[PDB]
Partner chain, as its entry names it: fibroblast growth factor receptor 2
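Quick setup: one chain, the form deposited without its partner chain, written in structure tokens, and binding and motion questions come after.
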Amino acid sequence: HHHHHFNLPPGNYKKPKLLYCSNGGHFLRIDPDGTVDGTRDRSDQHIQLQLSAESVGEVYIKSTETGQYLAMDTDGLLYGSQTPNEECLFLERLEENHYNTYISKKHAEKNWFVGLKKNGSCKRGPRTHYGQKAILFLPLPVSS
């Protein structure tokens, strides 16, 4: 189990979702240029994400607008990848019996999470850790 707990969130991957971070209220965003950050603008066309399970509890998070995959690099920075690779897999887990957290599969032994600061900037892998609000997400339905 990668030396991590296995409490999984409910919900499925049938439809795209917005990944809302409760820390600052930002939605995760992957720009066509590959930069990742968060925005409070719900009309943004780069916050609609499609998650898919490659194994139970292991997901890819892809921009539905650009087809890019969320990934975390060797130095802990999130970026949008044009193709799927080992840096694009995340262990999706329930947290505080309510939220979803995403731990980098490649860097799971160091507990590097996907996280957004209150100012909307992504947190670097080593700066994240259990207990922070930056790592707590709620997958919300995409607007209609």
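Numbering follows the first chain given and starts at 1.
*Identify the stretch, either 41 to 49 or 64 to 72, whose C-alpha atoms have the larger mean B-factor according to the entry.*
Higher mean C-alpha B-factor: 41 to 49.
*Can you let me know which of the two, 99 to 107 or 27 to 35, has the higher average C-alpha B-factor in the entry?*
The stretch with the larger average C-alpha B-factor is 27 to 35.
*Check where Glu58 lands among this chain's C-alpha B-factors and tell me if it's the lowest, middle or highest third.*
For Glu58, whose C-alpha B-factor we compare with every modelled residue in the chain, the answer is the middle third.
_Sorting by Cα B-factor within the chain, modelled residues only, which third would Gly125 end up in: lowest, middle or highest?_
Answer is lowest: the recorded C-alpha B-factor places it there.
*Is the Cα B-factor recorded for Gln82 in the lowest, middle or highest third of its chain?*
Answer is middle: the recorded C-alpha B-factor places it there.
*Third of chain Cα B-factors occupied by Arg93*: Its C-alpha B-factor belongs to the lowest third of this chain's values.
Missing here is the form solved in complex with its partner chain; even so, the following discussion is about that form.
*Would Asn100 show up as a contact with its partner chain in the deposited bound form if we use heavy atoms at 4.5 Å?*
Result yes; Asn100 sits at the interface with its partner chain in the deposited bound form.
*Does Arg93 reach its partner chain in the deposited bound form if we count a contact as any heavy atom within 4.5 Å?*
The answer is yes: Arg93 has a heavy atom within 4.5 Å of its partner chain.
*Should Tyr79 be classed as touching its partner chain in the deposited bound form when contacts are defined as heavy atoms within 4.5 Å?*
Result no; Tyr79 lies far from its partner chain in the deposited bound form.
_in the deposited bound form, does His107 come within 4.5 Å of its partner chain, counting heavy atoms only?_
Looking in the deposited bound form, residue contacts with its partner chain do not include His107, since no heavy atom lies within 4.5 Å.
*Quick one: which residues from 39 to 72 get a non-hydrogen atom within 4.5 Å of its partner chain in the deposited bound form?*
Read in sequence order, the residues that approach its partner chain (within 4.5 Å, in the deposited bound form) are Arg40, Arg42, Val56.
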